[PDB]
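Structure first, then comments.
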Amino acid sequence: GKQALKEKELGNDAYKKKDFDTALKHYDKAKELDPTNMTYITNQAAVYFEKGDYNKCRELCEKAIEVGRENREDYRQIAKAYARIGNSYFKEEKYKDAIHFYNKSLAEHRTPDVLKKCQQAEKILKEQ
Amino acid sequence: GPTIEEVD
Ligand code: NI
């Protein structure tokens, strides 16, 4: 718990400087100390996304979701994990899948950023 | 330019 979060935060610091190796490693240590926290897994998903590895990001988002449905109290992080899957489709121009996943996210927790990203995709899709 | 995915 305590050290887990100090591991996550060093990872966070690394990720923000695009030091993805270091982020992943600190995220791993965080996950070994507290396997039931889906945030570390969604954090790794973010790393793979910024690497261009959209597929791994989605895989990791899916795992984060199974861990969170077990917690049962984590609707907002579940929401984040779906919107990250949406984002990863959006990046590949797979807009129908992007939109579907934003709707999943919003249904969990409505947020403005995710609503705005959804409307962007709906407009692109409309006008195609 | 490009927005970065946010870490928690
Ligand atoms: Ni579906």
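Per chain, numbering begins at 1; letters A, B, ... match sequence-line order.
Contact record, A:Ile78 with A:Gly68: CD1-C, 4.1 Å, taken as the closest heavy-atom pair. The minimum heavy-atom distance between A:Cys118 and A:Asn103, with the atom names listed, is SG-OD1, 4.5 Å. Between A:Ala83 and A:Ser105, the shortest heavy-atom distance links the atoms CB-OG, 3.5 Å. Between A:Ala45 and A:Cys61, the shortest heavy-atom distance links the atoms CB-SG, 3.6 Å. The nearest pair of heavy atoms linking B:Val7 to A:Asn43 is CA-OD1, 3.5 Å.
Between the side chain of A:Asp74 and the backbone N or O of A:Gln77 there is no donor-acceptor pair closer than 3.5 Å.
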Which atom pairs, one a donor and one an acceptor, fall under 3.5 Å between side chains of residues 121-128 of chain A and the rest of the protein, sequence neighbours left out?
unit_1   : atom_1 : unit_2   : atom_2 : d
A:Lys123 : NZ     : A:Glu127 : OE2    : 2.3

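With sequence neighbours left out, the salt bridge (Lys or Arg N to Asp or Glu O under 4.0 Å) criterion links B:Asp8 to A:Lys80.
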>> As a quick check of understanding, evaluate side chain to side chain contact (heavy atoms under 4.5 Å, CB included) for A:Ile41 and A:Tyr27, giving each step before the final call.
In response: CA-CA 8 Å; A:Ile41 305 175; A:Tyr27 296 144; over 6 Å; no

>> Is there a side chain to side chain contact (heavy atoms under 4.5 Å, CB included) between A:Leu60 and A:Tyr48? Walk through the geometry before answering.
In response: CA-CA 9 Å; A:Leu60 283 185; A:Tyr48 287 100; 3.5 Å; yes

>> side chain to side chain contact (heavy atoms under 4.5 Å, CB included), that's the test. Do A:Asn12 and A:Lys8 meet it? Break it down for me.
In response: CA-CA 6 Å; A:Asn12 286 0; A:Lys8 176 202 84 161; 3.8 Å; yes

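Residues A:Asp34 and A:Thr36 bring a donor and an acceptor atom of their side chains to less than 3.5 Å of each other. Side-chain contact, A:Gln44 with A:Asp28: a donor N or O sits under 3.5 Å from an acceptor N or O.
Each of A:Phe101 and A:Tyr95 belongs to its own hydrophobic cluster when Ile, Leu, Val, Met, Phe, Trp and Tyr are linked at side-chain heavy-atom distances under 4.5 angstrom.
Ion pairing between a basic and an acidic side chain is recognised when a charged N comes within 4.0 Å of a carboxylate O; A:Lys25 and A:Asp21 show such pairing. Remark: A:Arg84 does not engage A:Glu59 in a salt bridge, criterion side-chain N to carboxylate O under 4.0 Å. Ionic pairing of A:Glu92 and A:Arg58 is present here: one or more N-O contacts between side-chain nitrogen and carboxylate oxygen are shorter than 4.0 angstrom. Ion pairing between A:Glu50 and A:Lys18 fails under the 4.0 Å rule for side-chain N and carboxylate O.
Here the CD1-NZ distance, from A:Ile85 to A:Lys104, works out to 8.5 Å after rounding to the nearest 0.5 Å. Taken from CG in A:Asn87 to CD in B:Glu5, the straight-line distance is 4.5 Å, to the nearest 0.5 Å. Taking OG1 of A:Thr111 as the reference point, atom NZ of A:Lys116 lies at 11.0 Å (rounded to 0.5 Å). Here the straight-line distance linking atom CG of A:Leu106 with atom CD1 of A:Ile99 works out to 11.5 Å at 0.5 Å rounding. Atoms SG and CD, from A:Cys57 and A:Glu62 in turn, are 10.0 Å apart once rounded to the nearest 0.5 Å. Going from atom CZ of A:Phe20 over to atom NZ of A:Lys51 covers 8.0 Å, rounded to the nearest 0.5 Å.
Ring-plane geometry between A:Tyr102 and A:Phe90 is classed as tilted, the angle between the planes lying from 30 to 60 degrees on a 0 to 90 degree scale. Classified by interplanar angle (parallel below 30°, tilted 30° to 60°, perpendicular above 60°), the ring pair A:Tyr54/A:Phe49 is perpendicular.
Residues A:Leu33 and A:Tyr40 form no side-chain contact, since every pair of their non-hydrogen atoms from C-beta on lies 4.5 Å or further apart.
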